[PDB]
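A short write-up of the structure that comes next.
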Amino acid sequence: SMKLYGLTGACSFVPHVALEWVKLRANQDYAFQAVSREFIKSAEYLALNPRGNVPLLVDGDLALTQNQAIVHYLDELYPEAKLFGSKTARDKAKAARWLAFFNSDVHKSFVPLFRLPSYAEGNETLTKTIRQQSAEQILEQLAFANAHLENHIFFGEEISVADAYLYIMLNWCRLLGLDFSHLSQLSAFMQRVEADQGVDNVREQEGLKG
Amino acid sequence: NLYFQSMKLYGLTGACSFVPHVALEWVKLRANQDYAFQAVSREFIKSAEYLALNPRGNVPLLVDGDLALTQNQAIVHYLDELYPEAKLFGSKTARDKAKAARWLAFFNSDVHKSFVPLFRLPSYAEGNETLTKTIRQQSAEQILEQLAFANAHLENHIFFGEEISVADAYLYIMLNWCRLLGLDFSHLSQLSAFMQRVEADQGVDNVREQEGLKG
Ligand SMILES: N[C@@H](CCC(=O)N[C@@H](CS)C(=O)NCC(=O)O)C(=O)O
Ligand SMILES: N[C@@H](CCC(=O)N[C@@H](CS)C(=O)NCC(=O)O)C(=O)O
Ligand SMILES: [Cl-]
């Protein structure tokens, strides 16, 4: 049985949702191990993942990192679970495109809001500037996602791992006090994602409600 | 013939779009499917005509009929689904493919961004000589720490797939960026040998020719 190491509420939410969909749709249970930021820098965890971060999926002798690799792997093993919102190559790729945008381009913009560059620490003006630029970048990227939702209810034909990724980044925005109320589709999107049983179960497990 | 055109890749020569270019060349060589390559300028990708195809104004972009597909990882996973026989991830087996996909993701999502400040200095450092030097040094250090991790893998593996893969193509082009930037990685001893192995691949060789990367 596979095991996922994750930080609750972090990007590892997405493979956690994927695993729960596999559970609900393909009848395969899995283990979730919530980790602390202290544990992931521990000698024990570093021996499994020298990069000292999450997600990490363990499936027997396979220790697999990277959000996109994990979910593409699960999709290959369990095509019937429709992790990318469809079974057809074209539609899966379109959802994979959104996942990749979120994971490679958007998540990136958040990094300075979670961990300030070393050169900025103690510099009030530079710190403010870096945080401002991150906020502006995020809002510009969210506007692009929001525009898509003007004509589509999800980032797949049905709900997909891309939707889970945007959802969690919007939860980060709420926690950081980065408002997105001007992007008119995002609130309803969050409600639709929250209505999915797999998402609901994971939000419960990771302590994300309320 | 008149109803189905080859796939078309828009790319910047020598940039990250090299990777799906190599993927398409491998599909050509191994699955006998030709494709079109359109080299673009940095000016053309900010043009009105191009923004109509790709509002994000960057590359790669793969057009296959009515599908306009962006993102390196999405493009290569798509081609792998259509042409599994091409072994774009260095294997046909799900676990071996996933391990290669993990390296591709590391390169595309984690390492590539470390280069960003070296290609385009953050605006707030413009005109600030000391901050500019600190940013560039720190970015160079970050890249080398990430490359050291790739180097370690190569201590007991010939490639990042079981056979050569899109992950190898991604590291390769980043090491080409390092050379072009003057970022010395020669203390990581597996990397030069790795570049030679990658360059020996027929598909890589073909794409390097097409993109003008030989010297
Ligand atoms: N490209 C990686 C990025 C993973 C990543 O950024 N992980 C972060 C957030 S989930 C993390 O573990 N941060 C804690 C730390 O690095 O100490 C992936 O997609 O898996
Ligand atoms: N996450 C995107 C990143 C695309 C990207 O970084 N593209 C660069 C090339 S390395 C680009 O288009 N740069 C535009 C320019 O240099 O003007 C992907 O994987 O496709
Ligand atoms: Cl994109």
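Ligands are numbered from 1 in the order shown, chains are lettered A, B, ... in the order of the structure tokens, and residues start at 1 in each chain.
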Next item on the list: Could you list, as a list in words, the residues of chain A having an atom within 8 Å of chain B when counting only C-alpha atoms?
Entry: residues 62, 64, 65, 66, 68, 69, 70, 72, 73, 76, 77, 89, 90, 93, 94, 96, 97, 100, 101, 103, 104, 105, 119, 126 and 129 of chain A
Checklist line | All residues 10 Å or closer to segment 7-14 of chain B, only C-alpha atoms, same chain fewer than 3 positions away omitted, as a PyMOL selection string | finding: chain B and resi 4+17-21+24+33-42+45+50+58-65+67-70+75+173-174+176-177+207-208+210-213
Check: To one decimal place, how far is atom CA of residue 2 of chain A from atom 8 (C, counted along the ligand's line) of ligand 1 in Å?
Finding: 20.2 Å
Checklist line | Best match for closeness to ligand 1 among A:85, A:210, A:52, A:15, counting only C-alpha atoms and all ligand atoms | finding: A:52
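Proximity to ligand 3 was assessed for A:139, A:183, A:106, A:159 counting only C-alpha atoms and all ligand atoms; the smallest distance is recorded for A:106.
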Checklist line | Nearby residues (only C-alpha atoms) at most 7 Å from segment 34-50 of chain A, same-chain spacing under 2 positions excluded, as a PyMOL selection string | finding: chain A and resi 5-8+32+52-53
Residues of the last selection are to be written out with C-alpha atoms, as a short mmCIF file (atom, residue, chain, number, x, y, z; two decimals), in the first residue's frame.
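The resulting result.cif:
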```
data_model
loop_
_atom_site.label_atom_id
_atom_site.label_comp_id
_atom_site.auth_asym_id
_atom_site.auth_seq_id
_atom_site.Cartn_x
_atom_site.Cartn_y
_atom_site.Cartn_z
CA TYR A 5 4.35 12.20 3.20
CA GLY A 6 2.81 15.67 3.24
CA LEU A 7 2.69 19.00 5.08
CA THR A 8 -0.93 19.70 5.89
CA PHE A 32 -1.04 9.49 4.79
CA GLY A 52 13.99 17.67 2.61
CA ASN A 53 10.59 18.59 1.25
#
```
Next item on the list: Once DSSP has gone over the backbone, tell me which residues of segment 60-129 of chain B are in helix (DSSP H, G or I), as a count of residues only.
Entry: 44
Neighbouring residues of residue 151 of chain B were defined as those with any atom within 9 Å, considering only C-alpha atoms; residues of the same chain fewer than 4 positions away were excluded. Please report them as a short mmCIF file (atom, residue, chain, number, x, y, z; two decimals) with N, CA and C atoms, in the first residue's frame.
```cif
data_model
loop_
_atom_site.label_atom_id
_atom_site.label_comp_id
_atom_site.auth_asym_id
_atom_site.auth_seq_id
_atom_site.Cartn_x
_atom_site.Cartn_y
_atom_site.Cartn_z
N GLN B 146 21.75 22.50 -6.76
CA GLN B 146 20.82 21.63 -7.47
C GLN B 146 21.55 20.70 -8.46
N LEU B 147 22.54 21.22 -9.17
CA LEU B 147 23.32 20.42 -10.11
C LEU B 147 24.08 19.33 -9.37
N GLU B 155 26.41 9.36 -10.50
CA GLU B 155 27.47 8.51 -9.94
C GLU B 155 27.19 7.03 -10.11
N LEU B 188 31.74 19.33 -10.58
CA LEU B 188 30.75 18.26 -10.55
C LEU B 188 31.10 17.32 -11.69
N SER B 189 31.91 16.31 -11.38
CA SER B 189 32.65 15.60 -12.43
C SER B 189 31.81 14.76 -13.40
N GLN B 190 30.61 14.34 -13.03
CA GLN B 190 29.80 13.53 -13.96
C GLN B 190 29.20 14.34 -15.11
N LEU B 191 29.13 15.66 -14.95
CA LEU B 191 28.30 16.46 -15.84
C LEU B 191 28.87 16.62 -17.25
#
```
Next item on the list: Looking only at strand (DSSP E or B) from DSSP on the backbone, list the matching residues of segment 11-126 of chain A as a ChimeraX atom specification.
Entry: /A:31-34,56-59,62-65
